[PDB]
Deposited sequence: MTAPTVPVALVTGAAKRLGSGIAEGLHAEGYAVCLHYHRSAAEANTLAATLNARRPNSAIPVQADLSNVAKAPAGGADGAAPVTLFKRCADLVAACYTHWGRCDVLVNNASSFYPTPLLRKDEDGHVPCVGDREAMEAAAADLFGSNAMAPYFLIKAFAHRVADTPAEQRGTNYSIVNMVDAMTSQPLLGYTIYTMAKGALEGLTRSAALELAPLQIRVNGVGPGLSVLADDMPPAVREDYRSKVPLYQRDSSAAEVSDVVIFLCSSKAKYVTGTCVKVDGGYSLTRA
């Protein structure tokens, strides 16, 4: 046993902090990326150097269109974890021009987590009982407006809403396989949300599912 965490958007502002923090706790991290390959590798450099083969970068396109389906690209991201360490215990989902753009950011921000969670669960489902880890938890992040800046009020509230239903609904559907699913949002530092994430992923939080954490 050494547990494994997949942090999507792992080189972004938040994701990195979550990643540093899950790694400090003794998790092996998969550091997901699209655009930011260099920073992925810096981060992987820093952690592996601190503790060897404890981190991998992995590129994945989390957009609405990459013809390869998002459903499949998502399943492949989770697969990177199994190929490389053979388990995945933790998932953290972190003008016409403008309009089509906002609609697409809406789609992947709801649909990527959905498919990343189908995938995560499918694998746990397939792992045999004896060889399953003991503490599977999924955290959906939701963000302030400042961090979804290319936004009007309304679209943001739609995305929060679906994310909100993802969390409560999977919490339920996925309890038979012992998978907790929780959320962290604002609120009506990076170091800060990280402690929440660490607690929800910790053994302390075994009986906690369905819960939308609020922060500041």
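*Could you name the stretches of the deposited sequence that have no C-alpha atoms in this structure?*
Sequence ranges with no C-alpha atoms are 1-4, 71-81, 110-132, 227-252, 281-288.
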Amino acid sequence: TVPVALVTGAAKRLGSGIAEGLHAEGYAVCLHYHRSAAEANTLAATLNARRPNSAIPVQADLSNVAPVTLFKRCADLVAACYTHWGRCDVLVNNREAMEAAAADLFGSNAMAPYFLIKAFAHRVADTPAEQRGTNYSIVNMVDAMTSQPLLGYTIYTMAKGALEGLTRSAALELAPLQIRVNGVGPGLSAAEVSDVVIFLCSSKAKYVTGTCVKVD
From here on, numbers count along this sequence of modelled residues.
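Exercise for the section: Take the C-alpha B-factors listed in the entry for 112-120 and for 130-138, compute each mean, and give the stretch with the larger one. Expected result: Here the higher of the two C-alpha B-factor means belongs to 130-138.
Taking the mean of the C-alpha B-factors per stretch from the entry, tell me the winner out of 148-156 and 51-59. Averaging CA B-factors over each stretch, the winner is 148-156.
*Taking the values straight from the PDB record, which of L70, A38, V184, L174 has the highest C-alpha temperature factor?*
Comparing C-alpha B-factors across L70, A38, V184, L174, the maximum falls on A38.
- Message: Ranking every modelled residue in this chain by its Cα temperature factor as given in the entry, which third contains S169?
- Response: As the PDB entry reports it, the C-alpha B-factor of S169 lands in the middle third of its chain.
| message | By the recorded C-alpha temperature factor, relative to the other modelled residues in its chain, which third is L14 in? | response | Highest third, going by the recorded CA B-factors of the chain.
Q) Where does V193 sit by CA temperature factor within its chain: lowest, middle or highest third? A) Answer is highest: the recorded C-alpha B-factor places it there.
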